[PDB]
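A single chain, nothing else alongside it, follows as structure tokens in the form deposited in one PDB entry.
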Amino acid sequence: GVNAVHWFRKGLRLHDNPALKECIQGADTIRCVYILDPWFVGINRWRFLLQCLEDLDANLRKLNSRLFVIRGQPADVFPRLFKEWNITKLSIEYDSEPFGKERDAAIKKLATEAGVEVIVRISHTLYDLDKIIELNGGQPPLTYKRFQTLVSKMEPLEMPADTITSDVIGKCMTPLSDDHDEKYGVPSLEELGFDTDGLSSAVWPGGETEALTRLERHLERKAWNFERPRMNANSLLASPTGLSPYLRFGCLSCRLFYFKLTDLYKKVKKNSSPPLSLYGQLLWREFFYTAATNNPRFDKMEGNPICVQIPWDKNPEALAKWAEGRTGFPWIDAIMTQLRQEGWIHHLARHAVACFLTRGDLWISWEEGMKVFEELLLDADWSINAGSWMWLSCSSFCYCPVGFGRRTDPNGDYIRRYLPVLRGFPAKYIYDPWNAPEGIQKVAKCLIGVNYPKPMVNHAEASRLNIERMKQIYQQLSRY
């Protein structure tokens, strides 16, 4: 009969999954596979992924199916699967990222050689990015405002695809052996080799089920403005309404999010012509995917045509201090600790630690900060992470590491939550503990230089030098 495989990579969901819906159409058997290579990334990313697969597996059970988790690399695994399962249809959600496109072109050639039809559908982005690039003339818009103009002229988005249900599955069945778990089951972090003794309950549980619950809560919060919210101290904490990791893994469809937001706006504001500001989260995301898709050096400075060639410092010791939250600036270190422990920090917290590392204090390449966020951050994939780091560092498209935190959370509770060694300090000194008298340091049981490091730069001197560097660079921008 007709034996189909849907290959999950992103799009880790059953709702709005047109590739999977089309693949099941006219198929006698369906197997959903995730190809896992744990030896080819921080532990919170692995955990989030595994939880996404457990959720997918549980939701597939409802359809008399299971997720097949296969170890290895797609180029080695799919030829054997095509033969051992007699596959003639393989579906994927389209991946616009350069190395994804290259991988998928290689797989499509194997599938062509084996007599397998490849179904590719766009549903990780709102638009066909290639059509945006055609509308701008063959080059991506390199400013957000130009991106918004292009997008506002595009044909309206079609409805998200129907969720896979039993009436959709129909006659299509999944052949299952009794030892499915032993051979195809979702592994634990331990079975990938990680110690989990230090881990607590995940602040960001993976999965489509979690995503659809959060989407509902997110919309209620927006219904009880549609303008960009203002950050306060509470905004720094992970929110039960946060959607960004779910959008990054495809647990939540960006198109379903778009339609629900539009429906809420129309119900609350009573106009069918909402401002594109309603969609800023999704359109910035779409902007960077568009910028990145045809630029295989998007995550690099040298050889990247859109990146200013800035002579960054090379300083592995300062880089590691920043990455490990040992800068001696409690605001910076608390943010980097939350990122390390939980996998998410507020975007203005991102601005602060990125400015500190790059154009503000340490003059280290944005490429280095990007790699750290890649390991630790749940919601930033290759295109978004690179684009955001170039944007922040003034490389394409000055935060005070004391006063920003002090203005955001003057009582210092954010610091005390993530930097316990500093809990004894009073508010007057919690953001600048080097300024506390030796008496206050001793009472706080935290000698600066012993129990918590001294600040790694003088901010005023470092920012003054770096602000002059960036002014001179842009005063001669064509040189760079």
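The term rigid core refers to the maximal set of C-alpha atoms that superpose within 1.5 Å between the two forms. Shifts are known only where both forms have a C-alpha. Numbers for residues come from their place in the sequence shown, where the first is 1.
In the other compared entries of this protein that model both flanking residues, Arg228 lacks coordinates in at least a third of them. Note: missing coordinates for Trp434 occur in none of the other compared entries bracketing this position, so the one-third threshold is not reached.
The entry models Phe40 and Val41 with a gap of 4 to 9 deposited residues left without coordinates.
Missing deposited residues between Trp224 and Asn225: 1 to 3, all without coordinates in the entry. If you average the C-alpha B-factors over 138-146 and over 321-329, the higher value belongs to 138-146. Stretch comparison (441-449 versus 59-67) by mean CA B-factor in the PDB entry places 441-449 on top. Within the selection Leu278, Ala352, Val186, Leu243, the deposited Cα B-factor values reach their highest point at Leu278. Of the residues listed, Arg297, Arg121, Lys267, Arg285, the entry assigns the biggest Cα temperature factor to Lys267. Placement of the Cα temperature factor of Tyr418 within the chain: lowest third of the modelled residues, per the deposited record. Ranked within its chain, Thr213 lands in the middle third, by CA B factor from the PDB record. Per the PDB record, residue ranking by Cα B-factor puts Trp363 in the middle third of the chain. For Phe425, the recorded CA temperature factor ranks within the middle third of the chain's modelled residues. Annotation for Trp204: C-alpha temperature factor in the lowest third relative to the rest of the modelled chain, per the entry.
Heads up, the form deposited in another entry isn't pictured, but that's what we're talking about next.
With the core fitted between the shown form and the other one, just one of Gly72, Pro311, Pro240, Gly170 shows a Cα displacement of at least 2 Å, namely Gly170. Core-superposed comparison between the shown form and the other one: the CA of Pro296 stays below a 2 Å shift. A displacement of 2 angstroms or greater separates the C-alpha positions of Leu276 between the shown form and the other one, with the rigid core held in common.
By the rule of 2 Å per CA over three or more consecutive residues, the rigid core superposition between the shown form and the other one yields shifted runs at 164-171, 272-278, 474-477.
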